[PDB]
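Working notes, beginning with the structure itself.
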Amino acid sequence: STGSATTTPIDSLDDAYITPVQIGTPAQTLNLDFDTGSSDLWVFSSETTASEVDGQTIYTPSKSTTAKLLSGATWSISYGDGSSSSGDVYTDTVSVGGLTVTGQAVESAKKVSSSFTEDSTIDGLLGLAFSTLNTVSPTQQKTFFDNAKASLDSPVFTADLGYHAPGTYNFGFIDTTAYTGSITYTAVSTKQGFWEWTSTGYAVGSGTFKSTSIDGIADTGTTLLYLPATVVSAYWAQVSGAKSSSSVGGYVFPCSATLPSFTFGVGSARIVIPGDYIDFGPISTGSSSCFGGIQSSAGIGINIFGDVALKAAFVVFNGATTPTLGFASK
């Protein structure tokens with residue numbers, strides 16, 4: 001089997017991407033944030049504290065003939081941006097782009113933090129990291145991908161995120177029309193439960209490539225590119241007037257600037273992030289200070305190849321017995 005679904009930016013900045021997901025019988029379609037950095041499929045629901053729902057579409061398990069309470073199971077998750085959610089668990093039929101999993105754990109939110117309430121466009125998350133990170137207790141649950149894997153034509157999914165435009169998540173096949181050149185594959189460590197890999201270095205603009213190992217995670221649920229302070233300083237030093245602002249919470253730059261590209265290494269291959277991808281716009285409405293899309297990972301504890309980086313590539317998440325990651329230009 002295979003699946004193919006379009007993923008759409010939630011706003012003009014590509015702050016996140018939503019993908020329609022069918023849950024239950026008859027189908028209830030919710031728009032979920034596919035997140036390769038976590039492993040819970042959770043939804044706003046009929047059980048979510050009413051004051052914490054503001055415009056989201058909810059899952060109502062009582063209206064699904066295939067929903068079953070997973071008795072005794074609870075979940076609770078905290079994300080890197082400080083947001084969180086928690087609740088109980090149902091199993092139900094879940095379909096993505098024509099690919100159907102029966103008996104998927106669908107984690108129903110009883111509580112969500114303010115960041116989630118305030119984002120009316122995201123109805124929940126669908127985690128695509130390794131199932132060892134799943135938070136369901138006392139019986140850990142599998143991700144949608146892990147459940148689908150054995151049925152897939154090939155044990156892979158691909159992320160093809162657009163810049164200010166829709167893109168695609170495919171399951172079970174590699175669309176050879178969706179990228180240019182060849183795909184370069186690189187080793188993955190699953191020791192922390194992430195799609196963790198080592199970039200071979202970077203360049204700023206038309207500058208020379210610096211060969212240096214940068215360990216980080218491929219994370220579709222993180223907006224920006226978070227790299228070591230040395231790398232980030234080297235990038236922003238090429239933008240006149242750019243500075244790190246503790247009050248704003250990272251590097252800012254004059255909105256009048258033209259940003260240089262940023263290149264990252266995948267083995268002997270190179271992925272180029274155009275400068276425009278690094279512009280996240282005014283820090284507040286009408287400001288001439290703009291927020292940077294490359295930020296320091298210092299004090300996160302991990303480097304993160306978030307959407308800024310991933311949207312510059314066609315990315316293969318290979319879930320074979322020995323997982324790997326593939327990157328191609330497009």
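Each position is counted from 1, following the chain as shown.
We read in the header that X-ray crystallography, 1.3 Å was used to get this structure.
Keep in mind that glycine also has a Cβ here, set from the backbone N, Cα and C atoms.
For reference, Swiss-Prot has these:
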| type | residues | note |
| --- | --- | --- |
| DOMAIN | 17-328 | domain 'Peptidase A1' |
| ACT_SITE | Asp35 | active site |
| ACT_SITE | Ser199 | active site |
| DISULFID | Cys255-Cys290 | disulfide bond |
Most crowded position, judged by CB atoms within 10 A, among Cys255, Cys290 as disulfide-bonded residues
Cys290
Just the number: how many Å between the Cα atoms of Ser199 (active site) and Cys255 (disulfide bond)?
30
According to DSSP, which of helix, strand or coil covers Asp35 (active site)?
strand
Cα-to-Cα gap, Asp35 (active site) vs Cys290 (disulfide bond), nearest whole Å:
26
With every protein chain in view, what's the tally of Cβ atoms within 10 Å of the Cβ of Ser199 (active site), excluding that atom itself?
22
Sort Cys255 (disulfide bond) into helix, strand or coil using the DSSP assignment.
coil
